[PDB]
Amino acid sequence: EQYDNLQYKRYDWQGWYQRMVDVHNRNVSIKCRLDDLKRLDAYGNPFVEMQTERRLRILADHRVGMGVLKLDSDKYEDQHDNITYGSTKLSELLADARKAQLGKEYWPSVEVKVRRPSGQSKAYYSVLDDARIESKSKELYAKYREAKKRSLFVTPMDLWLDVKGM
Amino acid sequence: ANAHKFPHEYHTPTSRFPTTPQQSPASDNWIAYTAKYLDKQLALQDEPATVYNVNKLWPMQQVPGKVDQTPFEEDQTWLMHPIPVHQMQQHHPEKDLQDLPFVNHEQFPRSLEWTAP
Amino acid sequence: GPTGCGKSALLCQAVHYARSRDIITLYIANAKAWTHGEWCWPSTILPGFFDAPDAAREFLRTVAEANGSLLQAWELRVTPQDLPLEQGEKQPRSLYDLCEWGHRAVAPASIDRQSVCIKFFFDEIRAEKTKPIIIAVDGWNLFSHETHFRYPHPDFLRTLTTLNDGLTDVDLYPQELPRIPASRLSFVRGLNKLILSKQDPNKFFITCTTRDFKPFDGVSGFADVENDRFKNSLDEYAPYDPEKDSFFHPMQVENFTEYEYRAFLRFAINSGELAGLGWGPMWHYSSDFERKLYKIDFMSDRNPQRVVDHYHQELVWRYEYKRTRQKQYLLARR
Amino acid sequence: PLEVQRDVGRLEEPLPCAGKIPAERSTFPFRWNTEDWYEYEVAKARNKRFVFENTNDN
Amino acid sequence: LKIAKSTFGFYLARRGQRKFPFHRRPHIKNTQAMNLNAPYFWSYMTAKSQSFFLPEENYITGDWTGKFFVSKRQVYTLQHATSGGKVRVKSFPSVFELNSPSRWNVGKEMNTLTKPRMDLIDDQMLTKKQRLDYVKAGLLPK
Amino acid sequence: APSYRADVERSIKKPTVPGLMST
Amino acid sequence: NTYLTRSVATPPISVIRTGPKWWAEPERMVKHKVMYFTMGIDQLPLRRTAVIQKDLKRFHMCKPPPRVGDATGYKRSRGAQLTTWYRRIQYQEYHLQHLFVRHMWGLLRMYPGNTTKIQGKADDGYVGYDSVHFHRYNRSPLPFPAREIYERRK
Amino acid sequence: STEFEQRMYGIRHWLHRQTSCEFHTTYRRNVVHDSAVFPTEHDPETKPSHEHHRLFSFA
Amino acid sequence: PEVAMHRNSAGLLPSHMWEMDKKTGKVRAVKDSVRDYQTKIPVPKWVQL
Amino acid sequence: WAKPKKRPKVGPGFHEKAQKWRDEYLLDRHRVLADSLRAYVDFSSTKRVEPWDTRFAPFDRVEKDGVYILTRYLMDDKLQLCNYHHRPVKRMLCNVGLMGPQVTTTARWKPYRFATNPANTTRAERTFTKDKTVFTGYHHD
Amino acid sequence: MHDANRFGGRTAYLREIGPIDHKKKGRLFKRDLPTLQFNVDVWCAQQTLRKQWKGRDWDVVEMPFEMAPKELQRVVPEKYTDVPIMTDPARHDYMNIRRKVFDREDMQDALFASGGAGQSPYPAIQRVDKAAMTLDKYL
Amino acid sequence: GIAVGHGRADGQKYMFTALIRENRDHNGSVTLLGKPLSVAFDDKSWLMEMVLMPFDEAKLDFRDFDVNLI
Amino acid sequence: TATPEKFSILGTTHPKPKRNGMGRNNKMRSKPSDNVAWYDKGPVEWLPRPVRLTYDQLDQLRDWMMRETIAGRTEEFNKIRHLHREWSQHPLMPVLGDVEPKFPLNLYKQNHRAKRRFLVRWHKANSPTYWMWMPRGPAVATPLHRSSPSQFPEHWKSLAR
Amino acid sequence: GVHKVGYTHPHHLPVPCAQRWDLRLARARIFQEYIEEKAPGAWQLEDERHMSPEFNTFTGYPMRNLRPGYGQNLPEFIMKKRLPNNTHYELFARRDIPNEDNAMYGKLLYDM
RNA sequence: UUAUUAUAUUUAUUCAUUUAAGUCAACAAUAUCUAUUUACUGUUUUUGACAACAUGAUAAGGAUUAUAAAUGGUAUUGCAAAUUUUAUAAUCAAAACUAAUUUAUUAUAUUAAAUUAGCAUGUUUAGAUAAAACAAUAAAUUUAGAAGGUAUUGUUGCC
C-alpha cells in the first residue's frame, strides 16, 4: 500500500498517479505453511498427510517452495478482489490435493529413475538365441561359401538381410 | 493441397521447430529394431518394458499419444536438423516494454532487490 | 579407478607378464577402435550382429604377428577346411593360418572375409580346454555399454524409388535410432559369450575400464579448437560401475603414493636427462628435483597421467626462485 | 605447522587453542558436486520471497 | 541536412554516419525492397507465414470517395492483374502505376514490385555541385 | 639483465645479407 | 590441420616481440615441447628460448639499468650484442618450430593451409579450396577438387 | 491493531523533505475452505485432456 | 533451399508460361498470363458472396 | 550551420521518365526472375560434386574400403536420388548412423560454393564463373 | 573471427564470404553483435543440453508410492524448489535423491510384476563378494 | 581453526577468499569451486604454481594445509 | 507481359563501371607483394605461414610413433634427427656492435605502412638458407647429437661391436 | 529416438496411481494455462547465461526463451503479452507534456 | 646534451540511410440536506522563434605540479533570455541515398513469426593512413635550466 507524499500529492495528477501506483501493486501474496494444514478435520479425517501434500506440490510446481504454498494473485487491480479471486484459486488447489484422501489411484506417482539395462544384463544380449544363431549361421556360411565363388565381395543383403528391392 | 509434399515453406504460427519426423514404426529400442529388420526369428519382439508409464522426456511432461522426440544426443544430429537462427529483432512478452537493453524503462524507480511481500 | 591413473599401464604390463611366459595373449590395444570407430558393418555370415572391419582386420593381423610362435603349433580343432581360398591361398590347418587368411586379402574381399574369420577364430579359442589363454581388452567399459554406431534408418532397407512420394524423412531430418549395444558386435560377442558360458577355466580376463571421457563440469559451450586437450578423447558422459556393469572382479588402481610417485618421477626426469631429451647443458636454469618433485605433487595430485602433462610443463614454470638464489649464494662463496 | 614455534622470541606463546582439530574429507574442504551446485544456487534465487514471517513462535 | 530534399531537411541533423541499433534505423528506407533472391522469392520481404491474412491496405474499410493511390504495402492479386484498372503506388517524383499487368506480380506486396532507387538519375534535380559528385562517381559520367 | 649466459665463440661481422630495399 | 583458408605471414621478430602474449604463450611452448619430446628430438632450442622469455617476463616490470654516461659505450654495445643474440636464438627456434610441424604433417598426412610447403610431400606451395582462380603465387589454374599429395589409404 | 496501523499510514505526512515511503503490510487472514462449495470429489468419468487446454480455453 | 531443395523438380516449373531459347539456354521473354488464365476459382470454391 | 540549401525541382516532365522506367524495369524483373527460377530448379535436379573433402579422414580411405563401402551399398541409390547436394547428404549420412558422430567432428566438408559445383566440374576456374544474369544467392548453377 | 573452424563450425551460419560491398551485399543480422551474440548463446546452450542428455544412463519411470524404493518413500520436493535434499542423514547416506538411480534388476518386482518367469525381464544382480580373499587382500 | 583472507585483482572483476585450516593427517588438499585446483585451472602449470608460492615462500608445506577458495 | 521488343530507358541509362582495383579503394593493381612465399628458400617457405599445432595432431602423432617403434620403420625418424642436428646448433654470439638494421627514422611518417614493409623485406632477404649467424653443415662439430644414425639406440645390436 | 509417449491410464495398472500427466492436467485446470499440442520434445534449451551460477549474470530465472523464431505476431506470445495499460507509457503520456505546469492544472484556473 | 629514472613501441582501414502542414477559452455526476446546472452558447480587428533574420549559455580536442585511492579541458559545438515585419512546413505507420567526421559477419555445422538486405572470388597485397599506455606483464637511441619576429589573440602573421 503506497500513497504519494511528493509533488504527486495534490493537483490534478492526484488521481491517475495514485491509480497507477495501486494497479502497479495489485498483487496479494497469499501464503500458508503446508505443515499447518496437517491438522484434523471436522469430519474427523486427517486433512493433509504425506500422500496428499505430495499431490499438492506437484499441482503447483514452482509455486510451493520452502514448504509454503505461495499464491500471488495479480489478476484484478482492486486489491480486495485479488484477495477474493486469490483465495478462490487457493481453495481449489486444496480441493484437489485432498483427493489423495479417497484412494490409491489418487495418490500421485513418485518418480523413480531406473538405470538403463546394466552391463551385466546387457551381456545376455550376446548369448541371446543360442540355438537358432548357430543353426542359421552354419547355413549362411555355406551360402557364403557358394556366394564368394560368384562375386568378390558379398553383402549382408546377399546372405540374410532382405532390403526391399521391388 | 500439396502441403505434405512441401515440408518447410508452410510453417504456421502454432507450428514449432525442431520438426518431429514421422516415427519409425516400432523402433523404440534396439531389440524392437533388430527383431523387426535384422533378426525376424528372434522371440523377444521388444524387451519387457515397465508396465507403468515410462516418460523418457524428463522433466518436460509432453502431451500423450503425440509422436515425440528425444533431445539429440550426438552433435551431428544437432547441427544438421533445420533450426532457424535469430535473424530478425528479438522480442519477449515481458520485457518488450523495456524496449532495448540500453533504454530500460522504469515506470517506478525501485531497488532492484525490492521483494514484494 | 580414477580417470587417468595407471589404468592401462597395469594392462600393458600384464601382457608383458603373459607373453614373456609365452602363454597365448589376446590384446585390444584400443577398445575404443571397436565401439567408437570409423564405421560399423553388419556381419555377413552372422545375422543381427555387427562387425567393425577397421579394428578387426588389424586385430587379426596383430593376433597373428603377436602369437605367431604358438599359433603355428596351435592346431585348429573345429572349423570347416573348405573356406573360400583365393588363387594361391593355402588351406588353414593351424589357427595362425586362419588369421593370416582373413587380414591377407585385397579389400573389399577382406571385409566379408574378416566377418567369417572373427566368427570362427573364437570357435577355436573357445573349443580349447587345456592351453591356458589370457584375454585382455583395454577399455572393457565400452564393450558393456552402447556404441555410438546407431542403427540405420529402416528406409535404407526399402530401396526407396523416389523422394516426393517416398514418404521418407531420411533426407530432411536426421533422427536418432537407438545405439547399437556393443554386445551385438560379433567380436565382442566372441568375448561376451565366453564370459557367461561356464566350464571354461581356460580363458582369463585381465581387463581395464578406461576413463578418457570429455570432461563435462555442468556447462560447456564450444571447445576452443586452437587448443583443445580432448578432441581425440572419447565422449561418453556416462557414469560406469564395474560392479553392476561387468562380471570381472574389481581391482581398484589408484593414483601413485608419494613413494612410488617418487621413484617414477625420479626416473621420469633423470633418465630423460640421460637420453638428452631433458635440459642438458642448460640444466642449471632448471630447478632441482626436490622442488620439481614437490611442485608437481601439488599440481598433479600424483596422478600418473597428470604427472606426464605437468612434467612437460616444467618448461613454463615462471615463479621458480631456487637457482637464481643458489647461484647468487655460490658467487658469495667465490 | 600451527603448533610449530615459528617465533624467534616468543616461543612460549601457545599453539592456537584448537591445534588438534580433526581433519575429515566430508567437512573440509568444500569439494562439491556440479549439477547439485546448480540446483542449490538456482533454488536460492527463486525462494527469496518465500519467507513466512507471521508465525506463533517466541 | 546539407541539401533539404524535403520539409524534413530543415529540422533533423545528419549527426555524422551515426550507427543506429539494428531495425531501429529511423527512416524506413526500403531500398532493399526489390532484391530478387529467387529461392526465397516467397519468403523475402513477405509474410513470414503463408497462412496470414492479407494486409489492411488491400481492403476497403468504409465508404471512400476515393484514394489517390493505394499504399505500397498492398499485395498484388489476380483480381488486381485481371481488372487492369489504374493501380497507383506512391513514389518519387509523383506516382507510379501498373499499366502493364502480369501474373508474375500476383502474391507479392507492392514494396517488392516497385524499384525505389530508379537507375535513371536527374541531372535536373541536382545542383552543379551534387551532379559533379556523380560525375566523379561514374554513375553520371561526362 | 643478462640471462642465459653462455660462452660459445663469436660470429662473423655482417653475418646477414642486407635487405631488399634501402636508401 | 583443420585451418586451411588463406593466410597472412608476419616476420619472425614481429611475432617474437609479442613474448608471453602469443610467442611465449605458456601452453603453446608446452605443445611444441611435447611434439619435440615425443619425436625423440631433443628440445634444446625451446628450453633455450624458454629461459629467455621466462627471465624477460619476470623482469618486464623493472626499469632499465641506469644510463650513466659511458664514453666507451661498451655497456650500450653489450646491451645490443646480447640482445641481437637473443633475437637470433628465437629466430632459429621460430623457424625450427615451423620446420618440424610442416614436416610432421608429412607424417600424419594433414594437408596444411594455403601457400604452404612441406619439404618433400608438397615441394612447392599447396593450395586447395582457395578464393581465387589460380595458385596465388605460381599463377597455375587450380585443379578441382583440391589436389592431394598423400596416398589415399590411412 | 488497527489503531497502530493508522499511526503508520500517517507517517507519509511528516517525512523529511523529498522522501516518499511505501508500506509492506503482511497480516495473517483466516480463510474458510468450505467443502460445500469446493467438493473434493472423484475424477470426472471422462477425463479432460489437452484438447481442453488450447488457447482461449480459459475463455 | 534449406531442406527440400532436391525435392523440387522440373515438374514444378511452369515452363509453358515463358519461352526458352536453345542457344542461350535461358528465358528470353514471357507471354501474357492475365488473358489466358482460365481458372474456375478466381475467388476460392467455398467462397460464396 | 551549413544552412540547409534547397535542391531544385525534379525537372520538367521527368515523371513520364519515371512511370515508364519503373514499369518496363518491372517487366525485365520477370525474365530475370523466370531465368533465375529455372536456374535454381534445374540446379536442384542436377547432380553436384561430392560435398565431402576427400583429403580428411574418413574420406581419405580408398574407395574400395572405408565409409565408401556403406556409401556404395547401403545407401547408394539414395545418395543419387538426393542429387548429392551438401544439405541432404549430410542429413542422409547422419541418419544411417553406422559411422557414428564422425560426420561433423572428424569428417571435414567442402566449403559452400565449392560444394554447389555440379558433377563433372573438373576445372577449378568454374566455381567462380557461375553466370551473372541469374539472381539466386549462389544456389544456382 | 568467423574463421570457419570457430564455434564448432556453426559459425558458417554467420559469414559473408569474399569482398562484399558493405552497402548492397551482406545480410543485416550478420552485422549487429547482440543478434550474433544471442545466436551463439543458443548453440552454446545446445552442447550443454546435449551433454546433459548424453549422460542419461537413467530412464525416468513412474511408480505408485507403495512399492517405490525406500529412498523415495518420503515427500520429494520438486527440483529448484528447496535446499537439496540429502537422502538420509541418520543412515549416513548424503546423496541428492534426484541423483540417486535405482537399478532395473533391483526393481523387477513391481515394474515387471508381469514378468512371469521373473528372470525373463533381466537376470538378478551378481553382487561382488567384498570380504573373502582376493588379489586385493594380497591373496 | 579456520582463518579467512581476501584477495582482489583487476579492481573488482576477481575476488576470492581462502579458508585455510591445518589438515593434521598430512593429506590435505587445495580445492577451488567444488573441484581440485587442477580442474578449475585446467591443469595449467603457470597458474597452479602461483597459488603454491605463499606456502613455499613461508617455508611451510601445503600437504598439511587445507585451503578452499571462494 | 510480352517484354517490349526494344526497351525504352532500361539500357538507355548511364554505363556502370566494374571495379578494377584488387583491394582498398579499388586501386591496388596486381603486383608481387611482401606476402609472396619463396618456397625455394629452405625446407619451409619464407616467410613462414601461420601454423597451428592443435592437440588433435599430437595425439594422432603419438599413435603414429606406436607404429614406427614396433614396425621398426625407423627410417622416417632418420630424416628428422638429421633435420634437427643441422638446424639446431648453438647460434654463434654476434660480434660487438652488430645488430639487424631498423627502419631509418625520418624517411617516412611514423604511421605510414613503410615502417613494417621494410622490416618484412629485410626479413625476406635473411632466409634461413642465408642464416650465417647460425652454424651448420658437415664441418660443424656436433657435440650434442650423435653423429651416425646407428648411434641412435634402435641399432643397439650393431652398437654392440 | 522419436517415439510415442505412452499414457498408461492409472486404472489398468497393477497398483493404480495418478499418472504425472494427470497432475499436469489437473494443474492447468486450476491455473488456467495453455497446454500446447505441438510442443517439441527435443527443445529443452535452458537459458544458460542466466540460470547457471558460473555465468556472470546469474538471475536464476529463465529470462529469454531460446526459441529463435519467437515473435510478437505469434499466438502464444500475445497470450502472454503485457498490455501497455498503466505502464511506463502511461506515465510518459501524462507527465511528459510540453508545459509541465499544465499537467498540474489548467493555467487559467491558476491565474484566476 | 648540466650534477627521485623509460616513447620505438603493436592490434587496425571500402560503412550508407529521415516522412506527403493544421494550438488563438474553463466546466463534482453513487453513499455529506434537494439548483434539471439535462443538453452553464454572447456574432466574429491583427504582422518575431516561423519555411526567415532575431545578442548571450555548459562541448570535441592529450603535451612538462600525486608514492601510500582521479588521465579528458571555456571561449562554443544546430533547436537556448530584449534586433522581429513574406510566407502553417514536425514523427503520423509501409517511405525514394551522395552523404568527410564510420569495427561488417572472411569457408565443420548458417533465415522461426510486426517488414528487413545477392554479387565485390582473386597472394588479410597501391598511396594515403588509425588508435594504447589506466589489472596487468614493452620501464631509455638520453631530460628542467641561455637565446630571434617587420607580428601586435601575433607564421593560415605581415611584406
# chains A, B, ... in the order shown; residues from 1 in each chain; ligands from 1
>>> residues_around(residues="region 8-24 of chain E", least_positions_apart="6", cutoff="12 Å", atoms="only C-alpha atoms (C1' of nucleotides)", output="number ranges by chain")
B: 87-90, 99-103; E: 1-2, 30; J: 1-7; K: 27-36; O: 15-21, 50-51, 78-79, 89-91, 99-103, 114-117
>>> interface_residues(of="chain B", to="chain I", cutoff="12 Å", atoms="only C-alpha atoms", output="ChimeraX atom specification")
/B:2,4-9,19,80-84
>>> write_last_selection(atoms="N, CA, C and O atoms", output="mmCIF file, in the first residue's frame")
data_model
loop_
_atom_site.group_PDB
_atom_site.id
_atom_site.type_symbol
_atom_site.label_atom_id
_atom_site.label_comp_id
_atom_site.auth_asym_id
_atom_site.auth_seq_id
_atom_site.Cartn_x
_atom_site.Cartn_y
_atom_site.Cartn_z
ATOM 1 N N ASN B 2 -0.899 -29.552 -51.876
ATOM 2 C CA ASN B 2 0.388 -30.226 -51.962
ATOM 3 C C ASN B 2 1.267 -29.985 -50.743
ATOM 4 O O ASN B 2 2.475 -30.228 -50.814
ATOM 5 N N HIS B 4 1.790 -31.508 -47.894
ATOM 6 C CA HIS B 4 2.530 -32.633 -47.326
ATOM 7 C C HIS B 4 3.777 -32.948 -48.141
ATOM 8 O O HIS B 4 4.735 -33.529 -47.622
ATOM 9 N N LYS B 5 3.778 -32.588 -49.424
ATOM 10 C CA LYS B 5 4.990 -32.725 -50.220
ATOM 11 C C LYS B 5 5.996 -31.643 -49.869
ATOM 12 O O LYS B 5 7.210 -31.886 -49.860
ATOM 13 N N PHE B 6 5.512 -30.444 -49.584
ATOM 14 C CA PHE B 6 6.358 -29.276 -49.335
ATOM 15 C C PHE B 6 6.501 -29.041 -47.848
ATOM 16 O O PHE B 6 5.631 -28.400 -47.233
ATOM 17 N N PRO B 7 7.594 -29.491 -47.239
ATOM 18 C CA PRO B 7 7.598 -29.600 -45.763
ATOM 19 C C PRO B 7 7.802 -28.282 -45.051
ATOM 20 O O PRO B 7 7.273 -28.093 -43.957
ATOM 21 N N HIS B 8 8.543 -27.348 -45.657
ATOM 22 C CA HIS B 8 9.022 -26.186 -44.920
ATOM 23 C C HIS B 8 8.199 -24.921 -45.093
ATOM 24 O O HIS B 8 7.754 -24.364 -44.090
ATOM 25 N N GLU B 9 7.981 -24.460 -46.329
ATOM 26 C CA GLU B 9 7.537 -23.082 -46.526
ATOM 27 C C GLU B 9 6.158 -22.843 -45.936
ATOM 28 O O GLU B 9 5.715 -21.695 -45.825
ATOM 29 N N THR B 19 11.293 -29.792 -36.124
ATOM 30 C CA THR B 19 10.160 -30.585 -36.575
ATOM 31 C C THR B 19 10.350 -32.055 -36.221
ATOM 32 O O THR B 19 11.443 -32.615 -36.341
ATOM 33 N N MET B 80 22.675 -30.550 -38.143
ATOM 34 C CA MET B 80 22.131 -30.787 -39.470
ATOM 35 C C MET B 80 20.619 -30.641 -39.553
ATOM 36 O O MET B 80 20.108 -30.320 -40.631
ATOM 37 N N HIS B 81 19.894 -30.861 -38.461
ATOM 38 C CA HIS B 81 18.461 -30.631 -38.468
ATOM 39 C C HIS B 81 18.176 -29.165 -38.799
ATOM 40 O O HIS B 81 18.970 -28.282 -38.465
ATOM 41 N N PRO B 82 17.052 -28.874 -39.466
ATOM 42 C CA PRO B 82 16.750 -27.480 -39.813
ATOM 43 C C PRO B 82 16.282 -26.659 -38.627
ATOM 44 O O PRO B 82 15.128 -26.768 -38.201
ATOM 45 N N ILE B 83 17.161 -25.812 -38.108
ATOM 46 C CA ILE B 83 16.860 -24.938 -36.985
ATOM 47 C C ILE B 83 17.104 -23.511 -37.456
ATOM 48 O O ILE B 83 18.177 -23.212 -37.989
ATOM 49 N N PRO B 84 16.155 -22.596 -37.285
ATOM 50 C CA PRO B 84 16.382 -21.220 -37.736
ATOM 51 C C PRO B 84 17.352 -20.516 -36.803
ATOM 52 O O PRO B 84 17.479 -20.872 -35.631
#
>>> interface_residues(of="chain M", to="chain K", cutoff="12 Å", atoms="only C-alpha atoms", output="list in words")
residues 19, 21, 22, 23, 24, 25, 26, 52 and 54 of chain M
>>> select_by_dssp(residues="region 2-38 of chain D", states="helix (DSSP H, G or I)", output="number ranges by chain")
D: 34-38
>>> residues_around(residues="residue 83 (chain A)", least_positions_apart="6", cutoff="10 Å", atoms="only C-alpha atoms (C1' of nucleotides)", output="list in words")
residues 26, 27, 28, 29, 30, 72, 73, 74, 76, 89 and 90 of chain A
>>> closest_atom_pairs(of="chain J", to="chain K", cutoff="10 Å", atoms="only C-alpha atoms", output="JSON lines")
{"residue": "J:104", "atom": "CA", "partner": "K:9", "partner_atom": "CA", "distance": 8.6}
{"residue": "J:105", "atom": "CA", "partner": "K:8", "partner_atom": "CA", "distance": 8.2}
{"residue": "J:108", "atom": "CA", "partner": "K:9", "partner_atom": "CA", "distance": 9.8}
{"residue": "J:111", "atom": "CA", "partner": "K:4", "partner_atom": "CA", "distance": 9.2}
{"residue": "J:112", "atom": "CA", "partner": "K:12", "partner_atom": "CA", "distance": 9.0}
{"residue": "J:113", "atom": "CA", "partner": "K:17", "partner_atom": "CA", "distance": 9.8}
>>> write_last_selection(atoms="C-alpha atoms", output="tab-separated table (two decimals), in the first residue's frame")
chain	number	residue	atom	x	y	z
J	104	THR	CA	30.60	-33.32	-38.12
J	105	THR	CA	33.63	-33.72	-35.84
J	108	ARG	CA	35.56	-32.15	-42.87
J	111	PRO	CA	33.22	-25.01	-48.42
J	112	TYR	CA	29.79	-23.88	-49.52
J	113	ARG	CA	30.31	-22.59	-53.05
>>> atom_distance(atom1="CA of residue 64 (chain A)", atom2="CA of residue 51 (chain D)")
11.7 Å
>>> interface_residues(of="chain C", to="chain N", cutoff="8 Å", atoms="only C-alpha atoms", output="compact mmCIF listing (two decimals) with C-alpha atoms, in the first residue's frame")
# COMPACT_ATOMS: atom_id res chain seq x y z
CA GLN C 175 16.52 -38.63 -36.37
CA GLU C 176 18.31 -40.82 -33.87
CA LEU C 177 17.76 -44.56 -33.95
CA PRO C 178 18.91 -46.34 -30.78
>>> interface_residues(of="chain E", to="chain I", cutoff="6 Å", atoms="only C-alpha atoms", output="ChimeraX atom specification")
/E:82,102-103
>>> write_last_selection(atoms="C-alpha atoms", output="mmCIF file, in the first residue's frame")
data_model
loop_
_atom_site.group_PDB
_atom_site.id
_atom_site.type_symbol
_atom_site.label_atom_id
_atom_site.label_comp_id
_atom_site.auth_asym_id
_atom_site.auth_seq_id
_atom_site.Cartn_x
_atom_site.Cartn_y
_atom_site.Cartn_z
ATOM 1 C CA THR E 82 -7.139 -9.002 -64.321
ATOM 2 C CA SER E 102 1.067 -9.580 -65.250
ATOM 3 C CA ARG E 103 0.531 -12.655 -63.118
#
>>> residues_around(residues="residue 16 (chain H)", least_positions_apart="5", cutoff="12 Å", atoms="only C-alpha atoms (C1' of nucleotides)", output="list in words")
residues 5 and 6 of chain A; 11 and 21 of chain H
>>> interface_residues(of="chain A", to="chain B", cutoff="9 Å", atoms="only C-alpha atoms", output="VMD selection string")
chain A and resid 21 25 27 to 29 128 to 129 132 160 to 162
>>> write_last_selection(atoms="N, CA, C and O atoms", output="compact mmCIF listing (two decimals), in the first residue's frame")
# COMPACT_ATOMS: atom_id res chain seq x y z
N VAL A 21 -0.11 3.73 -9.06
CA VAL A 21 0.73 3.14 -8.03
C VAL A 21 -0.02 2.04 -7.29
O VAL A 21 0.56 1.30 -6.49
N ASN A 25 0.48 -2.26 -7.78
CA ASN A 25 0.61 -3.05 -6.56
C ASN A 25 -0.61 -3.95 -6.37
O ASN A 25 -1.08 -4.14 -5.25
N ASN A 27 -0.89 -7.00 -6.54
CA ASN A 27 -0.60 -8.33 -6.02
C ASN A 27 -1.02 -8.46 -4.57
O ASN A 27 -1.01 -7.49 -3.81
N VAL A 28 -1.42 -9.67 -4.18
CA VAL A 28 -1.66 -10.03 -2.78
C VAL A 28 -1.10 -11.42 -2.57
O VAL A 28 -1.75 -12.42 -2.94
N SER A 29 0.08 -11.51 -1.97
CA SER A 29 0.84 -12.76 -1.92
C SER A 29 0.23 -13.68 -0.86
O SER A 29 0.59 -13.65 0.31
N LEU A 128 21.96 -64.29 -26.64
CA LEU A 128 20.55 -64.41 -26.98
C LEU A 128 20.38 -65.21 -28.27
O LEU A 128 21.11 -65.01 -29.24
N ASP A 129 19.40 -66.11 -28.26
CA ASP A 129 19.14 -67.02 -29.38
C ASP A 129 20.37 -67.86 -29.70
O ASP A 129 20.93 -67.79 -30.80
N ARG A 132 19.30 -70.93 -32.25
CA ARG A 132 18.95 -70.54 -33.61
C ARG A 132 20.14 -69.96 -34.36
O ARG A 132 20.35 -70.26 -35.54
N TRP A 160 21.62 -62.80 -45.67
CA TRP A 160 20.46 -62.83 -44.80
C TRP A 160 19.55 -61.62 -44.97
O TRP A 160 18.34 -61.77 -45.13
N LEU A 161 20.13 -60.42 -44.93
CA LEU A 161 19.31 -59.21 -44.89
C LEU A 161 18.48 -59.08 -46.15
O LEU A 161 18.94 -59.38 -47.26
N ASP A 162 17.23 -58.64 -45.98
CA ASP A 162 16.29 -58.50 -47.09
C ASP A 162 15.96 -57.03 -47.28
O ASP A 162 14.96 -56.54 -46.75
>>> residues_around(residues="residue 20 (chain F)", least_positions_apart="6", cutoff="7 Å", atoms="only C-alpha atoms (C1' of nucleotides)", output="MDAnalysis selection string")
chainID M and resid 121:122 125
>>> write_last_selection(atoms="N, CA, C and O atoms", output="PDB file, in the first residue's frame")
ATOM      1  N   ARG M 121      60.630  -6.965 -45.655  1.00  0.00           N
ATOM      2  CA  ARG M 121      61.524  -7.168 -46.789  1.00  0.00           C
ATOM      3  C   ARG M 121      62.930  -7.521 -46.332  1.00  0.00           C
ATOM      4  O   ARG M 121      63.586  -8.375 -46.938  1.00  0.00           O
ATOM      5  N   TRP M 122      63.416  -6.879 -45.270  1.00  0.00           N
ATOM      6  CA  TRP M 122      64.706  -7.284 -44.730  1.00  0.00           C
ATOM      7  C   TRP M 122      64.657  -8.722 -44.244  1.00  0.00           C
ATOM      8  O   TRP M 122      65.608  -9.485 -44.445  1.00  0.00           O
ATOM      9  N   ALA M 125      65.065 -11.250 -47.068  1.00  0.00           N
ATOM     10  CA  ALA M 125      66.407 -11.467 -47.590  1.00  0.00           C
ATOM     11  C   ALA M 125      67.205 -12.409 -46.702  1.00  0.00           C
ATOM     12  O   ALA M 125      68.069 -13.145 -47.188  1.00  0.00           O
TER      13      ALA M 125
END
>>> residues_around(residues="residue 123 (chain J)", least_positions_apart="4", cutoff="12 Å", atoms="only C-alpha atoms (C1' of nucleotides)", output="list in words")
residues 133, 134, 140, 141, 142, 143, 144, 145, 146 and 147 of chain G; 114, 117, 118, 119, 127, 128 and 129 of chain J
>>> closest_atom_pairs(of="chain K", to="chain A", cutoff="10 Å", atoms="only C-alpha atoms", output="tab-separated table")
residue	atom	partner	partner_atom	distance
K:56	CA	A:116	CA	8.6
K:57	CA	A:116	CA	5.6
K:58	CA	A:115	CA	4.0
K:59	CA	A:114	CA	5.3
K:60	CA	A:113	CA	4.4
K:61	CA	A:112	CA	5.4
K:62	CA	A:111	CA	4.5
K:63	CA	A:109	CA	5.1
K:64	CA	A:109	CA	4.7
K:65	CA	A:110	CA	5.7
K:66	CA	A:104	CA	9.0
K:67	CA	A:110	CA	9.8
K:68	CA	A:110	CA	7.3
K:69	CA	A:112	CA	7.9
K:71	CA	A:112	CA	9.8
K:72	CA	A:110	CA	7.3
K:73	CA	A:110	CA	8.3
K:74	CA	A:50	CA	7.4
K:75	CA	A:54	CA	6.1
K:76	CA	A:54	CA	7.4
K:77	CA	A:57	CA	7.2
K:78	CA	A:61	CA	6.9
K:79	CA	A:62	CA	8.9
K:80	CA	A:62	CA	8.1
K:81	CA	A:65	CA	4.9
K:82	CA	A:66	CA	5.4
K:83	CA	A:66	CA	7.9
K:97	CA	A:112	CA	9.8
K:98	CA	A:113	CA	8.2
K:99	CA	A:113	CA	8.8
K:100	CA	A:113	CA	7.7
K:101	CA	A:113	CA	5.4
K:102	CA	A:114	CA	4.9
K:103	CA	A:115	CA	5.1
K:104	CA	A:114	CA	5.6
K:105	CA	A:118	CA	7.9
K:106	CA	A:114	CA	9.1
K:107	CA	A:114	CA	8.4
K:121	CA	A:121	CA	9.5
K:122	CA	A:121	CA	6.2
K:123	CA	A:121	CA	6.4
K:124	CA	A:121	CA	8.2
K:125	CA	A:120	CA	7.6
K:126	CA	A:120	CA	8.1
